[PDB]
Amino acid sequence: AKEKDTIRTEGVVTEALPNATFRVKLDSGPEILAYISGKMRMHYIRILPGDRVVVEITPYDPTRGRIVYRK
Amino acid sequence: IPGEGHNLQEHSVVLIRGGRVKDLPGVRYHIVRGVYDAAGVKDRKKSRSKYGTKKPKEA
RNA sequence: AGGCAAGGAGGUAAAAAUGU
RNA sequence: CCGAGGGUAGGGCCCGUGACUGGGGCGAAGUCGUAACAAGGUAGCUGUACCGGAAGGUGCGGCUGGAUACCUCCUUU
RNA sequence: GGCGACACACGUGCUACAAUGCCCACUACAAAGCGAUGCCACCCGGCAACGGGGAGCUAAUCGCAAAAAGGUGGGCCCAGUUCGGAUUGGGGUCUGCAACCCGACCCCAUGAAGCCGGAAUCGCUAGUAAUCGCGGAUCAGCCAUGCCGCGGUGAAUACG
RNA sequence: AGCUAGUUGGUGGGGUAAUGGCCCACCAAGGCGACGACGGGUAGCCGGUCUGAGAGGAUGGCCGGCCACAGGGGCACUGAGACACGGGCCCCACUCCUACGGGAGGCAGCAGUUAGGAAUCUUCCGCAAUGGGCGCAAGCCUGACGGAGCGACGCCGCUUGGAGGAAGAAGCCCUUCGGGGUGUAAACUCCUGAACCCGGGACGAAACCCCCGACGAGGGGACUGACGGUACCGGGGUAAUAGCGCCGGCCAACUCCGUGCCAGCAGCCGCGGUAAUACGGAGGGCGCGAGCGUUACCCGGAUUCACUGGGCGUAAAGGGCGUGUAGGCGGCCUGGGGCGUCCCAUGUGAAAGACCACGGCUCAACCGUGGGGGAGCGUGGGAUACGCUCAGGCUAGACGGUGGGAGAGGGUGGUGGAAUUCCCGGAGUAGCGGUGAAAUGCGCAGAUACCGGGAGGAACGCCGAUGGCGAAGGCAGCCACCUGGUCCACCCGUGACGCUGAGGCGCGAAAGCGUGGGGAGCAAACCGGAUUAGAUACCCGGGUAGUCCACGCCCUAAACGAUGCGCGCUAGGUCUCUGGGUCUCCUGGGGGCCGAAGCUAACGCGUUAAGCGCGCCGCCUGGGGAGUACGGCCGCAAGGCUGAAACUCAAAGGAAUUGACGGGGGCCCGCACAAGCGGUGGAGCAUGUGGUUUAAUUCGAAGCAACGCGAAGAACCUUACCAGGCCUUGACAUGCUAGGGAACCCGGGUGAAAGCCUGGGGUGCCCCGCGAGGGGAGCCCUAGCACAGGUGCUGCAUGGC
RNA sequence: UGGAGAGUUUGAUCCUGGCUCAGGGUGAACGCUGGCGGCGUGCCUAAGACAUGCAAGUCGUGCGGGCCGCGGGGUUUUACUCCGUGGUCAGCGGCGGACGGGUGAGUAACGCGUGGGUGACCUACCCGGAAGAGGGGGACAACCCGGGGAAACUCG
Ligand SMILES: [Mg+2]
Ligand SMILES: [Mg+2]
Ligand SMILES: [Mg+2]
Ligand SMILES: [Mg+2]
Ligand SMILES: [Mg+2]
Ligand SMILES: [Mg+2]
Ligand SMILES: [Mg+2]
Ligand SMILES: [Mg+2]
Ligand SMILES: [Mg+2]
Ligand SMILES: [Mg+2]
Ligand SMILES: [Mg+2]
Ligand SMILES: [Mg+2]
Ligand SMILES: [Mg+2]
Ligand SMILES: [Mg+2]
Ligand SMILES: [Mg+2]
Ligand SMILES: [Mg+2]
Ligand SMILES: [Mg+2]
Ligand SMILES: [Mg+2]
Ligand SMILES: [Mg+2]
Ligand SMILES: [Mg+2]
Ligand SMILES: [Mg+2]
Ligand SMILES: [Mg+2]
Ligand SMILES: [Mg+2]
Ligand SMILES: [Mg+2]
Ligand SMILES: [Mg+2]
Ligand SMILES: [Mg+2]
Ligand SMILES: [Mg+2]
Ligand SMILES: [Mg+2]
Ligand SMILES: [Mg+2]
Ligand SMILES: [Mg+2]
Ligand SMILES: [Mg+2]
Ligand SMILES: [Mg+2]
Ligand SMILES: [Mg+2]
Ligand SMILES: [Mg+2]
Ligand SMILES: [Mg+2]
Ligand SMILES: [Mg+2]
Ligand SMILES: [Mg+2]
Ligand SMILES: [Mg+2]
Ligand SMILES: [Mg+2]
Ligand SMILES: [Mg+2]
Ligand SMILES: [Mg+2]
Ligand SMILES: [Mg+2]
Ligand SMILES: [Mg+2]
Ligand SMILES: [Mg+2]
Ligand SMILES: [Mg+2]
Ligand SMILES: [Mg+2]
Ligand SMILES: [Mg+2]
Ligand SMILES: [Mg+2]
Ligand SMILES: [Mg+2]
Ligand SMILES: [Mg+2]
Ligand SMILES: [Mg+2]
Ligand SMILES: [Mg+2]
Ligand SMILES: [Mg+2]
Ligand SMILES: [Mg+2]
Ligand SMILES: [Mg+2]
Ligand SMILES: [Mg+2]
Ligand SMILES: [Mg+2]
Ligand SMILES: [Mg+2]
Ligand SMILES: [Mg+2]
Ligand SMILES: [Mg+2]
Ligand SMILES: [Mg+2]
Ligand SMILES: [Mg+2]
Ligand SMILES: [Mg+2]
Ligand SMILES: [Mg+2]
Ligand SMILES: [Mg+2]
Ligand SMILES: [Mg+2]
Ligand SMILES: [Mg+2]
Ligand SMILES: [Mg+2]
Ligand SMILES: [Mg+2]
Ligand SMILES: [Mg+2]
Ligand SMILES: [Mg+2]
Ligand SMILES: [Mg+2]
Ligand SMILES: [Mg+2]
Ligand SMILES: [Mg+2]
Ligand SMILES: [Mg+2]
Ligand SMILES: [Mg+2]
Ligand SMILES: [Mg+2]
Ligand SMILES: [Mg+2]
Ligand SMILES: [Mg+2]
Ligand SMILES: [Mg+2]
Ligand SMILES: [Mg+2]
Ligand SMILES: [Mg+2]
Ligand SMILES: [Mg+2]
Ligand SMILES: [Mg+2]
Ligand SMILES: [Mg+2]
Ligand SMILES: [Mg+2]
Ligand SMILES: [Mg+2]
Ligand SMILES: [Mg+2]
Ligand SMILES: [Mg+2]
Ligand SMILES: [Mg+2]
Ligand SMILES: [Mg+2]
Ligand SMILES: [Mg+2]
Ligand SMILES: [Mg+2]
Ligand SMILES: [Mg+2]
Ligand SMILES: [Mg+2]
Ligand SMILES: [Mg+2]
Ligand SMILES: [Mg+2]
Ligand SMILES: [Mg+2]
Ligand SMILES: [Mg+2]
Ligand SMILES: [Mg+2]
């Protein structure tokens with residue numbers, strides 16, 4: 001079916017976990033371990049804490065975000 | 001859970017199938033769809049019997 | 001004497017984490 | 001009398017749970033270093049012993065799955 | 001209008017810090033290019049850029065164009081200076097519809113930083129480096145000190 | 001890993017159908033155990049079933065046999081038979097009624113209920129059959145059985161038509177726009193008629209019973225069907241369910257769009273991070289089809305537990321070595337027994353199944369009949385090669401003797417020098433020490449360097465080897481002693497005494513520990529100094545435990561030849577040590593190096609094989625978890641041996657090959673450094689860039705190989721940017737549709753210009769006509785279309801460069 | 001009358017090796033789809049519980065007794081009475097209920113399998129044969145009366 005559902009909200013990069021996973025605190029609030037986007041990985045786009053990044057977030061589990069855009 | 005979407009909730013009575021999925025570590029089962037709480041992956045036209053989707057009524 | 005090596009030494013060898 | 005079983009006390013075993021407690025596997029871009037792989041920058045690995053944020057280090061011994069050139073003298077053809 | 005901003009940084013250049021130099025005056029030697037709405041001789045007006053008149057070429061034939069460092073004569077006399085030329089005020093000239101942002105050039109003035117530059121670092125072995133002019137191409141004009149060329153003078157050193 | 005006390009054997013007895021410790025009384029003290037007892041876990045067992053080529057591996061549902069058990073646990077009674085599923089007593093647990101004292105129960109009989117569960121059937125008909133029980137018989141029972149029901153739950157059979165029919169309708173899909181595809185598929189004509197309806201209608205059932213015949217044989221009679229009005233037969237008679245999986249590889253079958261490492265798929269590999277033959281859909285195709293898939297389990301594939309049929313140098317894997325017990329294994333000749341072994345005969349191997357043959361259901365599945373086979377085991381006879389055993393002999397193996405060696409073999413008692421260090425004596429003085437440099441450090445309270453003496457520990461240079469010895473661990477001064485192995489020659493003796501070796505005992509480097517000494521050097525820890533980002537480390541200066549000995553324990557190791565031991569075989573060359581010889585050459589025994597055959601994944605191994613064989617032992621069974629836990633054992637402790645699994649990954653790994661790399665090695669080279677001259681960095685300016693600013697300071701170029709670059713010329717243009725004004729088939733190309741005008745020129749107004757609005761002259765061409773006038777070419781102009789335009793994005797789609 | 005491999009460690013290879021796949025099968029389950037017939041087959045879990053109906057009876061040719069049945073009468077009747085019978089009801093007796101049916105909890109054991117042994121045995125019914133069946137007595141059910149107990153039942 002492919003559901004259009006996600007929230008394209010931004011956030012501050014709090015902390016770098018392994019893989020390229022980050023606890024990023026959003027515009028609105030809650031910090032979710034957010035993993036980097038595949039696209040980003042492909043174009044080698046690094047992130048460090050102290051950044052403002054676009055983070056696509058799921059309806060099923062609003063706890064695992066996905067860092068979409070290059071900052 | 002296979003298929004896109006799921007009316008699967010929390011207190012959902014559901015049938016496991018068995019068959020470890022390669023990716024997710026330590027997940028050795030499935031939910032077979034089209035039984036109890038889990039329902040047919042809606043409007044799959046192709047590989048249906050595997051997703052519990054009842055044959056669509058062609059006009 | 002030079003040759004070519006056999007063998008003993010003696011000197012060199014010792015100083016290197018930063019991205020897109 | 002024997003006796004299913006029960007009681008009383010002691011032991012063993014299994015199951016359930018279990019505070020607390022070890023606790024390992026994985027991970028693409030965590031962190032700290034750089035131990036190891038190129039005399040990997042002090043050969044390594046190795047047993048043990050001691051110490052250390054941590055790989056580790058050092059002792060002793062073991063091993064090779066490790067290694068030997070160039071001038072300048074002396075010992076001689 | 002902006003690409004030409006500008007608190008800075010960095011990159012390549014250019015010109016300096018002078019006496020082997022500087023400024024002037026005379027005097028000599030190239031190469032290679034380039035030129036017709038072009039190069040522009042020569043003459044006069046201009047401090048000058050330039051202007052006007054104007055021949056010659058269509059180029060080995062006329063031009064550009066003087067080559068510059070050089071040689072000689074003259075001065076300067078060791079200083080922020082006759083070094084150095086930025087910056088800035090004025091006056092011009094040109095080419096273009098037009099130079100405010102934002103042109104080049106001339107002239108008069110102004111005469112800043114800079115007395116050979118730290119760690120570093122670059123280039124180059126022969127006509128090379130260094131130094132000195134000249135030409136082109138883009139081009140109305142030119143921000144070109146760039147680039148591509150061309151000649152002039154002309155080294156040092158390479159133990160290893 | 002030990003278990004056992006009615007436990008083991010006896011006598012006596014009881015009990016029983018009967019043996020018996022079955023039980024008891026009394027003795028005796030056994031009995032079983034690594035040929036794995038006891039304990040734990042698990043489980044009905046078998047004929048069979050599946051699977052496998054087979055060996056085997058799984059499994060024991062259904063059918064047949066046997067057991068056990070009928071809520072759990074006892075116990076008897078009755079009987080031919082039970083310790084008794086629908087009998088009894090008792091205790092327990094549960095439900096049921098109770099007038100609370102007490103009783104009633106038992107579906108693991110059929111059916112059903114409920115629970116648990118992914119999941120499993122109808123509260124069916126019948127006694128007609130066959131079997132059961134009873135009874136003279138009639139008959140009565142019979143949830144045995146016969147049938148029916150329900151479940152695609154399996155197997156098998158059949159249907160969803162058949163014949164024709166386009167150089168190919170439509171619809172859908174691809175297309176490179178022609179076409180292809182679906183596809184003779186359909187439509188349509190003809191045919192046949194599953195269904196369905198009407199008529200008929202079973203076989204299964206002839207006995208039991210009665211009569212004649214003796215109530216015997218034998219003959220005749222009469223009755224009886226749950227299924228079922230079913231099967232089937234005759235007639236009638238309509239075109240009359242297709243689905244599910246898959247389509248990257250394995251694996252049969254590909255294209256498009258959606259999608260963009262998302263949503264998803266996945267059995268593994270792995271697809272998805274804008275061209276997805278892997279996701280989702282579409283078409284198309286492939287597979288099967290009343291099914292098709294998935295899950296789970298089993299075997300298979302997996303020679304991946306390897307008996308057939310894997311192995312152990314390096315991949316997991318040889319125990320650290322001895323010496324041995326059990327066991328396994330065993331040289332040559334003769335003779336018996338004949339246990340193994342083979343053969344023959346027969347008995348057994350039930351039935352079903354499975355194998356074959358035929359037969360019956362319209363075929364088949366299914367079933368029936370008949371045959372055969374059969375691992376095994378029993379008995380009778382035989383055979384003697386092998387194995388076994390007993391007897392005898394033999395010398396090839398093994399051990400022994402006589403003679404002789406070689407040796408760092410082991411222990412013990414000594415002792416000899418060098419060196420270090422210290423003390424003391426001298427003489428002498430400003431440092432020594434150390435390092436890549438240094439610094440702590442010690443030094444005029446006189447160190448270092450030097451000689452004289454003493455003290456003391458410890459190690460044993462040269463010989464020294466690539467050597468020797470040992471079973472390893474290991475072992476080096478020299479001497480003496482005790483003593484181990486070992487080799488040779490002699491073939492003299494014994495006469496198979498052999499080999500291996502689970503356990504066991506012994507040994508077992510270093511470190512460690514315990515008690516006692518000893519302590520020179522050294523040296524963990526520790527304290528200094530440096531080095532450094534840090535330095536718990538290398539480098540230095542010290543320094544304890546330890547190292548040394550004695551006795552006790554620990555046992556590990558890269559205890560490695562990473563190669564278990566033995567014996568036989570299968571080229572040589574070579575160096576070596578050490579014996580023997582008629583000795584510049586043979587023969588033994590070690591230790592190396594290169595190589596035949598062979599082997600080996602290769603590396604390599606190669607008479608000291610990792611070759612060919614045989615014997616015995618150990619071990620392995622993917623990596624990590626992990627040599628970990630847990631248990632057990634051992635140790636005073638550290639810790640050792642033993643030794644998992646859950647989980648987790650698709651590997652981990654060996655050997656080599658190509659590269660890349662190296663603070664490896666050699667040989668080279670370049671303005672690479674050096675030798676030299678000149679600059680850059682510093683000034684100012686010129687330029688380009690970063691940044692920042694801005695409405696925009698277009699866009700690109702990024703270490704070398706971006707940065708006086710694209711730009712070989714930004715005032716406008718350029719210009720790609722921004723502000724604003726405007727233009728829309730549009731500045732530019734090729735056409736349409738039409739509509740009127742149309743070649744061409746000059747304004748005018750507005751405006752910053754552009755643009756917009758608008759005036760006038762201004763039509764000739766091909767012409768036909770006397771003209772009026774008409775049409776079309778060229779050429780623009782207006783409206784909508786085909787379209788242009790995009791310096792707009794992707795150099796990770798590209799060509800070019 | 002019998003034996004197939006493939007994918008995957010690497011840049012590539014050979015091997016070691018594991019994992020995975022294709023076959024077959026099942027008491028299966030699940031999904032999707034579903035027309036019929038035959039044949040089998042269907043609680044693999046909780047040997048958890050069980051409502052209701054049946055699942056083991058039968059013999060009057062063992063014998064007694066109750067209730068009704070008719071043929072008769074003795075009996076006017078009302079009895080009873082006598083009997084053959086009819087049938088049922090239990091009782092006693094006899095045989096069967098130990099088979100058949102179920103399940104797989106237990107049990108790793110002579111439980112099972114297999115081949116034997118029994119001078120250590122039994123075997124109702126069935127068959128083959130032999131011999132027999134002479135006499136006497138008795139209690140107990142049913143039945144009757146009497147209680148107990150709420151019932152079940154139960155004693156005298
Ligand atoms: Mg699929
Ligand atoms: Mg190292
Ligand atoms: Mg160590
Ligand atoms: Mg060492
Ligand atoms: Mg290894
Ligand atoms: Mg620019
Ligand atoms: Mg600077
Ligand atoms: Mg100054
Ligand atoms: Mg000066
Ligand atoms: Mg050169
Ligand atoms: Mg007796
Ligand atoms: Mg006993
Ligand atoms: Mg006794
Ligand atoms: Mg058990
Ligand atoms: Mg069991
Ligand atoms: Mg079994
Ligand atoms: Mg059975
Ligand atoms: Mg029960
Ligand atoms: Mg009971
Ligand atoms: Mg019982
Ligand atoms: Mg019974
Ligand atoms: Mg009983
Ligand atoms: Mg029993
Ligand atoms: Mg019952
Ligand atoms: Mg039942
Ligand atoms: Mg139910
Ligand atoms: Mg349920
Ligand atoms: Mg049934
Ligand atoms: Mg009936
Ligand atoms: Mg019968
Ligand atoms: Mg009767
Ligand atoms: Mg009945
Ligand atoms: Mg039946
Ligand atoms: Mg059927
Ligand atoms: Mg189904
Ligand atoms: Mg047809
Ligand atoms: Mg017809
Ligand atoms: Mg009919
Ligand atoms: Mg049709
Ligand atoms: Mg294919
Ligand atoms: Mg696939
Ligand atoms: Mg697809
Ligand atoms: Mg199936
Ligand atoms: Mg196998
Ligand atoms: Mg083998
Ligand atoms: Mg193997
Ligand atoms: Mg190994
Ligand atoms: Mg060994
Ligand atoms: Mg031995
Ligand atoms: Mg022996
Ligand atoms: Mg023999
Ligand atoms: Mg023997
Ligand atoms: Mg048979
Ligand atoms: Mg048969
Ligand atoms: Mg037939
Ligand atoms: Mg003998
Ligand atoms: Mg001897
Ligand atoms: Mg001797
Ligand atoms: Mg002294
Ligand atoms: Mg002899
Ligand atoms: Mg003899
Ligand atoms: Mg041993
Ligand atoms: Mg020691
Ligand atoms: Mg020291
Ligand atoms: Mg220190
Ligand atoms: Mg320090
Ligand atoms: Mg030290
Ligand atoms: Mg000690
Ligand atoms: Mg030791
Ligand atoms: Mg070694
Ligand atoms: Mg060793
Ligand atoms: Mg080893
Ligand atoms: Mg051994
Ligand atoms: Mg030796
Ligand atoms: Mg030799
Ligand atoms: Mg060969
Ligand atoms: Mg060799
Ligand atoms: Mg040799
Ligand atoms: Mg081998
Ligand atoms: Mg250990
Ligand atoms: Mg322990
Ligand atoms: Mg390797
Ligand atoms: Mg240089
Ligand atoms: Mg460059
Ligand atoms: Mg390219
Ligand atoms: Mg780019
Ligand atoms: Mg690997
Ligand atoms: Mg791979
Ligand atoms: Mg690969
Ligand atoms: Mg049926
Ligand atoms: Mg059951
Ligand atoms: Mg009766
Ligand atoms: Mg039975
Ligand atoms: Mg049943
Ligand atoms: Mg047991
Ligand atoms: Mg037996
Ligand atoms: Mg036995
Ligand atoms: Mg038997
Ligand atoms: Mg009886
Ligand atoms: Mg009597």
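Residues numbered from 1 in each chain as written, not as in the entry; some residues may be left out. Chains lettered and ligands numbered in written order. Part of a larger assembly, values for the part shown. Heavy atoms only, no water.

- This deposited entry lists cryo-EM as its structure determination method and 3.55 Å as its resolution.

- By the naming in the PDB entry, chain B is 30S ribosomal protein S12, taken from Thermus thermophilus.
- The header of this PDB entry states its title as "Structure of bacterial 30S-IF1-IF3-mRNA translation pre-initiation complex (state-1A)".

- Per the PDB entry, chain A carries the name Translation initiation factor IF-1 and comes from Thermus thermophilus.
- Taken directly from UniProt, the Subcellular location text for chain A runs: "Cytoplasm".
- One UniProt comment on chain A, placed under Sequence similarities, says "Belongs to the IF-1 family." (UniProt positions renumbered as here; feature names shortened; annotations may be inferred.)

With respect to the protein's contact with RNA strand D
Residues and elements named next belong to chain A.
Item 1. Around RNA strand D, the neighbouring residues are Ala16, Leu17, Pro18, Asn19, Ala20, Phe22, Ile36, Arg41, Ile45, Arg46 and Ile47.
Item 2. Taking all atoms of RNA strand D within 4 Å of the protein, the share assigned to sugar and phosphate is 50%.
Item 3. Between RNA strand D and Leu17 there is a distance of 3.3 Å, counted from a sugar or linking oxygen to a backbone nitrogen or oxygen.
Item 4. Contact distances for RNA strand D include 3.1 Å between a base nitrogen and a backbone N or O atom of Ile45.
Item 5. Taken together, the residues of the surface near RNA strand D break down into eight nonpolar, one polar and two charged. (Near = heavy atom within 4 Å. Polar contact = N/O pair within 3.5 Å; in protein donor to acceptor, adjacent residues only side chain to side chain. Nonpolar A, V, L, I, M, F, W, Y, C, P; charged D, E, K, R; others polar.)

Quick look at the nonpolar core
For soluble globular proteins, the rule of thumb is that nonpolar side chains tend to be buried together.
Item 1. Counting residues in each nonpolar core, the largest one holds 14 residues, and the members touching the most others are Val24, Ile47, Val53, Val55 and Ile67 of chain A.
Item 2. For this core, the secondary-structure elements that each account for two or more residues are β2 (21-26), β3 (31-36) and β4 (52-57) of chain A. (Core = buried A, V, L, I, M, F, W, Y, C linked by side-chain atoms within 4.5 Å. Buried < 20%, exposed > 50% of the residue type's maximum accessible area, 1.4 Å probe, protein only. Helix = DSSP H or I, 4+ residues; strand = E, 2+ residues; numbered from the N terminus.)

Here's the deal with the sheet that holds strand β5 (residues 64-69) of chain A
All names here are of chain A.
Item 1. Spatial strand order, β1-β2-β3-β5-β4: five strands in a closed barrel with mixed pairing. Each strand of the sheet is rotated relative to its neighbour by a mean of 55°, with strand direction disregarded.
Item 2. Relative to β3, β2 runs antiparallel, the two being bridged by five bridges. Along β3, the bridge assignment pairs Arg23 with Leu33. (Pairing = 2+ DSSP bridges. Axes fitted to C-alpha atoms, helices over the stretch in contact; angles between N-to-C directions.)

A look at the environment of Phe22 of chain A
Residues and elements named next belong to chain A.
Item 1. Its place among the elements puts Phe22 in strand β2.
Item 2. Taking C-alpha positions, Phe22 is 8.6 Å from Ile67, a pair spaced 45 residues apart along the chain.
Item 3. What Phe22 contacts, discounting residues up to four positions off in sequence, is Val13, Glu15, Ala16, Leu17, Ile32, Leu33, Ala34, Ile47 and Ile67. (Contact = heavy atoms within 4.5 Å.)

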